[PDB]
Amino acid sequence: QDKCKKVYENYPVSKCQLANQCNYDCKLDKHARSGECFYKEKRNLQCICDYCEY
């Protein structure tokens, strides 16, 4: 179970609404190729990073 994408310890759900945020941050702290947001729990939200492409 590698998964090019990795879940962030804890990210802001509100700011997650903006893809430019999750990516910018993910590629800033994690320095990952990219970063997107996922829909966890019933309403809660999560932010996952990306370390691959194509």
# chains A, B, ... in the order shown; residues from 1 in each chain; ligands from 1
$ select_by_dssp --residues "chain A" --states "strand (DSSP E or B)" --output "list in words"
residues 7, 34, 35, 36, 37, 38, 46, 47, 48, 49 and 50 of chain A
$ residues_around --residues "residue 39 in chain A" --least-positions-apart "3" --cutoff "12 Å" --atoms "only C-alpha atoms" --output "PyMOL selection string"
chain A and resi 7+13+16-17+36+42-48
$ residues_around --residues "range 20-27 of chain A" --least-positions-apart "5" --cutoff "8 Å" --atoms "only C-alpha atoms" --output "compact mmCIF listing (two decimals) with N, CA, C and O atoms, in the first residue's frame"
# COMPACT_ATOMS: atom_id res chain seq x y z
N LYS A 15 -10.33 26.34 4.11
CA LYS A 15 -9.32 26.68 3.11
C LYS A 15 -9.21 25.58 2.06
O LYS A 15 -8.74 25.82 0.95
N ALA A 32 5.19 18.42 -2.35
CA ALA A 32 4.70 17.38 -3.24
C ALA A 32 4.37 17.95 -4.61
O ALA A 32 4.08 19.14 -4.75
N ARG A 33 4.40 17.10 -5.63
CA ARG A 33 4.11 17.51 -7.00
C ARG A 33 2.81 18.31 -7.05
O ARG A 33 2.73 19.34 -7.71
N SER A 34 1.79 17.81 -6.36
CA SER A 34 0.49 18.47 -6.34
C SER A 34 -0.26 18.15 -5.05
O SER A 34 0.27 17.48 -4.16
N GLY A 35 -1.49 18.65 -4.94
CA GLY A 35 -2.29 18.41 -3.76
C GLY A 35 -3.75 18.73 -3.97
O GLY A 35 -4.09 19.80 -4.49
N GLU A 36 -4.62 17.81 -3.57
CA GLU A 36 -6.06 18.01 -3.72
C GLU A 36 -6.78 17.76 -2.40
O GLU A 36 -6.18 17.31 -1.42
N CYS A 37 -8.08 18.07 -2.37
CA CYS A 37 -8.88 17.88 -1.17
C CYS A 37 -9.88 16.74 -1.36
O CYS A 37 -10.47 16.58 -2.43
N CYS A 47 -7.51 16.98 3.35
CA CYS A 47 -6.61 17.43 2.29
C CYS A 47 -5.52 16.40 2.03
O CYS A 47 -4.72 16.08 2.91
N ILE A 48 -5.48 15.88 0.80
CA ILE A 48 -4.48 14.89 0.42
C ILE A 48 -3.47 15.47 -0.56
O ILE A 48 -3.82 16.28 -1.42
N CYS A 49 -2.22 15.06 -0.43
CA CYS A 49 -1.16 15.54 -1.31
C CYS A 49 -0.98 14.61 -2.51
O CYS A 49 -1.67 13.59 -2.62
